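Protein chains in written order, with my numbering: chain A, 1420 to 2043; chain B, 6 to 127.
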């Protein structure tokens, strides 16, 4: 009775009402899948362009290849537009500075064309070399530009007055609510001058990221004061601050309370201290006290994401964490640095951070009295812990990590164990056995014991892996340490620290061990960061040899080592050759420069597509 | 709650807020099974959605049209995400094969779509 059906002339997804085809394509967030979906038929192409929520412009909007495109190239519902990665990288886009009137009308035409394809931009990211970039761009989106992210890894123009970098946004974009200056270098005097002399646009800001490309020593109390007082509507603030009490203008107890009083509706606060290895401020005390933190935590009842990553220490912080649980019941994401006495766990109960039951993410840097008894009590009170991490804690053992992994089996999914003293790689991987089948992300520093490796289960849900090494150390003993079978591992991030002219040059014909990752089946994306790893070709061969053995290497971000006396991070000739042999690459991003032509990578790699020399360090070479 | 189908908790559908002449008796059996399982006050709750979505493509597209006439936002999004992940990672021809799509692009209209795609990073 039930016959099998044959060839059918109807397509169900095309017989759907077109609003429903738009709804389907709106969940497809993979860009390459969106591009392929627009090639299936003309109806899905209309669906892809009409529902694409974001886009990062690839190529040069100045070239005729963009200005003379059809109007079927039109994204009506596009919200976020990223004009940061426009080619050439780092060049001023739509600038008004000559390298007379012909450039004034060319900028208007390129802006009018960009307004055509994206006529509803509410979030804009752009490489802002000088403020005329914002002046020539905002006219078309000034009425709906809610969030703006500026990117400048270049030198600040020396003639610009204070605050000139942000004036075009504060004068024109009346819809501005979120300003992201995390990767936009400028003087701390710039942010203070502009945000305190524009009380009309500033009074509406709710998100502020003042990272300034990690090129400032932190905002002073005389600077964070007026900024907080001018933005009484901030809900999220991210900024480095000067916490060193050696300076009279540091951020202490009084600066914190004045920040919480001027911004009571804060829900996300991330203050950090710029690290500088020369000072070596390991145990030096900070101008912040536990008695002041309690009064500071009492003024932020809406606080949910707190991060105070310090280098100067804060002592007897156990009562402050208990006050954070009482005065801030919605706390969930806590990252603390150099906080001492975070959990005594002496009279049992749950003192310190264990009182904060609602914690979903906990991260602790440089806690010298965080012991196994603390991690035991932390696992009793923080039953909702989904992300856990300890950094620079020298009293935690594998028994504390293993107990926490067992008592937090249902919820713990991501673990960070960096530079802990009593925790080596092979011993720490064994401690995470209770969640070996559940952990999804892992970040560990690699320390080898020269007895049990070459010289077990399967991580069934581990998808992301982050590794920290030292100059001259090997990755090969990682397989012999416990990570011998990770089936669903798709991305890996590698970072190398330490000086180069002090580690003995490893015996030639040895390699770091990139080829030993071939046993990982679905390892696609890799982040190899060797920037802080210092003949230089000998050191790139050491770290890049064998990367061609990774058969499924899809996307690669490479950071070449810095130079002792040069501002360029050039790829040596053997470094280019070992990357050119990665035939499976789709995206290739070198965080530096190379003397080889950018097309040689496209000829050596058949399916290569996205390639760019993104020089995203603070002293950009300024190539023209 | 005495839900009369067309062949022969009932509140998740904001069109209910009875005769249902647009949904069959097989698709309404899956619609009711979806809302019964979700009226609960994690992983298990989300793991059942994938098991409930292990249906044939003919049944899936009837579920999409049902969760659109009926106003079940949580069901219309769950079934639409399934079709979106099907399109994910497939070549244009593979997308045509799964959904029986006919290539209606002229050799130049397809070349324009390709040329347009070269302006967005992946």
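Cβ atoms here follow ideal geometry from the backbone N, Cα and C, with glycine treated the same way.
Report buried or exposed for residue i, applying the criterion of at least 16 other Cβ atoms within 10 angstroms of its Cβ.
i, result
"residue 6(B)", "exposed"
"residue 1764(A)", "buried"
"residue 1487(A)", "exposed"
"residue 1490(A)", "exposed"
"residue 1771(A)", "buried"
"residue 1869(A)", "exposed"
"residue 1985(A)", "exposed"
"residue 1891(A)", "buried"
Under the three-state reduction of DSSP, which class applies to residue i: helix, strand or coil?
i, result
"residue 1561(A)", "coil"
"residue 1809(A)", "strand"
"residue 1429(A)", "coil"
"residue 1595(A)", "coil"
"residue 1537(A)", "coil"
"residue 1450(A)", "helix"
"residue 1772(A)", "helix"
"residue 1667(A)", "coil"
"residue 104(B)", "helix"
"residue 1866(A)", "coil"
"residue 1608(A)", "helix"
"residue 1675(A)", "helix"
"residue 1603(A)", "strand"
"residue 1704(A)", "strand"
"residue 1816(A)", "coil"
"residue 2024(A)", "coil"
"residue 1990(A)", "strand"
Would you mind telling me which residues of chain B sit closer than 8 Å to residue i, beta carbon to beta carbon, in chain order?
i, result
"residue 1460(A)", "101, 106, 107, 108, 109, 110"
"residue 1430(A)", "104, 105, 106, 107"
Which residue marks the beginning of the alpha helix (DSSP H) containing residue i, and which one marks its end?
i, result
"residue 1639(A)", "Per DSSP, residue 1639(A) belongs to no alpha helix (DSSP H) and is neither H nor E."
"residue 113(B)", "112-122"
"residue 83(B)", "78-92"
"residue 35(B)", "32-43"
"residue 1492(A)", "Taken as a continuous stretch (DSSP letters only), residue 1492(A) belongs to no alpha helix (DSSP H), as it is neither H nor E."
"residue 1963(A)", "1955-1963"
"residue 1848(A)", "1844-1850"
"residue 1780(A)", "Taken as a continuous stretch (DSSP letters only), residue 1780(A) belongs to no alpha helix (DSSP H), being part of the beta strand (DSSP E) at 1780-1784."
"residue 1793(A)", "1791-1800"
"residue 62(B)", "62-74"
Provide the residue span of the beta strand (DSSP E) that contains residue i, from first to last.
i, result
"residue 1913(A)", "1910-1916"
"residue 1887(A)", "1883-1889"
"residue 2031(A)", "2029-2031"
"residue 1457(A)", "Careful: residue 1457(A) lies outside any beta strand (DSSP E) and carries neither H nor E."
"residue 56(B)", "Note, residue 56(B): premise wrong, no beta strand (DSSP E); alpha helix (DSSP H) at 48-57."
Closer than 8 Å, CB to CB, is residue i near chain C or not?
i, result
"residue 93(B)", "Included in the structure are the protein chains A and B, with no chain C among them."
Could you name the residues of chain B that residue i contacts, counting a contact when the two beta carbons are closer than 7 Å?
i, result
"residue 2017(A)", "Near residue 2017(A) there are no residues of chain B at all, since even the closest Cβ is about 15 Å away, more than 7 Å."
"residue 1451(A)", "127"
"residue 2006(A)", "127"
"residue 1442(A)", "85"
"residue 1464(A)", "118"
"residue 2093(A)", "Since the first residue of chain A shown is 1420 and the last is 2043, residue 2093(A) is not available in this structure."
I'd like to confirm the pairing. Which residues does DSSP put opposite residue i in its beta bridges?
i, result
"residue 1860(A)", "1833(A), 1883(A)"
"residue 1970(A)", "DSSP, once it has assigned bridges, lists no residue as partnering residue 1970(A)."
"residue 1758(A)", "1733(A)"
"residue 1944(A)", "1910(A), 1974(A)"
"residue 125(B)", "1476(A)"
"residue 1656(A)", "1627(A), 1688(A)"
"residue 2085(A)", "The structure shown does not extend to residue 2085(A), since chain A is modelled only from 1420 to 2043, so the question has no answer here."
"residue 1573(A)", "None; residue 1573(A) has no bridge partner."
"residue 1544(A)", "1501(A), 1568(A)"
"residue 2041(A)", "Answer by DSSP bridge pairing: none, since residue 2041(A) is not bridged."
"residue 2007(A)", "1975(A), 2030(A)"
Whose Cβ in chain A lies nearer than 9 Å to the Cβ of residue i?
i, result
"residue 96(B)", "1455, 1458"
"residue 124(B)", "1474, 1476, 1477, 1478, 1480, 1484, 1485, 1488, 1492, 1536"
"residue 66(B)", "1431, 1432, 1434, 1435"
Which residues of chain A have a Cβ atom closer than 8 Å to the Cβ of residue i, listed in chain order?
i, result
"residue 19(B)", "Going along chain A, no residue has its Cβ under 8 Å from residue 19(B), so there is no contact; the nearest lies around 17 Å."
Sorry if obvious, but does the Cβ on residue i come closer than 7 Å to a heavy atom of the ligand SAH?
i, result
"residue 1500(A)", "As far as ligands go, the structure on display features none, and thus does not contain the ligand SAH."
I want to verify the contact list: residues of chain B whose CB lies under 9 Å from the CB of residue i, in sequence order.
i, result
"residue 1841(A)", "Result: empty, since nearest Cβ-Cβ is about 33 Å, beyond 9 Å."
"residue 1427(A)", "105"
"residue 2035(A)", "Going along chain B, no residue has its Cβ under 9 Å from residue 2035(A), so there is no contact; the nearest lies around 15 Å."
In chain A, which residues lie with their C-beta within 7 Å of the C-beta of residue i?
i, result
"residue 88(B)", "1432, 1443"
"residue 73(B)", "1439"
"residue 45(B)", "Residues of chain A passing the Cβ test: none, with the nearest at roughly 18 Å."
"residue 113(B)", "Those do not exist, as residue 113(B) stays about 11 Å from chain A at its closest Cβ, beyond 7 Å."
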